[PDB]
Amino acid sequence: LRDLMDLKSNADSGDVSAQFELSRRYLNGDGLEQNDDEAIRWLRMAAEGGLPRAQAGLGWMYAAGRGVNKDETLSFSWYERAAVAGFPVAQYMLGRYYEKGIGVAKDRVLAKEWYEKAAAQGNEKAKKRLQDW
């Protein structure tokens, strides 16, 4: 009923959380018809709207070539925005990009910082490399 109507109305008003949830429903066909063009549209709007979880998911699509062509540079920039915001999964993915030189110049001094920030928030995969370092 109005559960989907309020969600769609909130996404139109500028709710980045509603835009991301609405993007997931279009992608998985949960509650709505499976529409890929609409799923990426709301994910773009939520990522550029400022949602870190949407910026990290949009950065993964550029890393895996899902929905868009595989671009390591655009994947690094989207993961960077979500990492600066404080998303723990994006901070781990960013430190991985710094040591490997994928999408950015290879660096060890900057890779340890994002490993130090992601592990400080409790990321489990960010402290395995931090001690095997």
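From 1 onward, residues are counted along the sequence shown.
Decide which of the stretches 106 to 114 and 18 to 26 has the higher mean C-alpha B-factor, going by the entry. Mean CA B-factor is higher for 106 to 114.
Compare the mean C-alpha B-factor of 3 to 11 with that of 123 to 131 as given in the PDB entry, and name the stretch with the higher value. Result: 123 to 131.
Most elevated Cα B-factor in the entry, residues 52, 59, 49, 101: So the option with the highest C-alpha B-factor is 101.
Third of the chain's Cα B-factor distribution that residue 76 belongs to, per the entry: Middle third - that is where residue 76 ends up once the chain's C-alpha B-factors are sorted.
Place residue 93 in the lowest, middle or highest third of its chain's C-alpha B-factors, as listed in the PDB entry. Answer is highest: the recorded C-alpha B-factor places it there.
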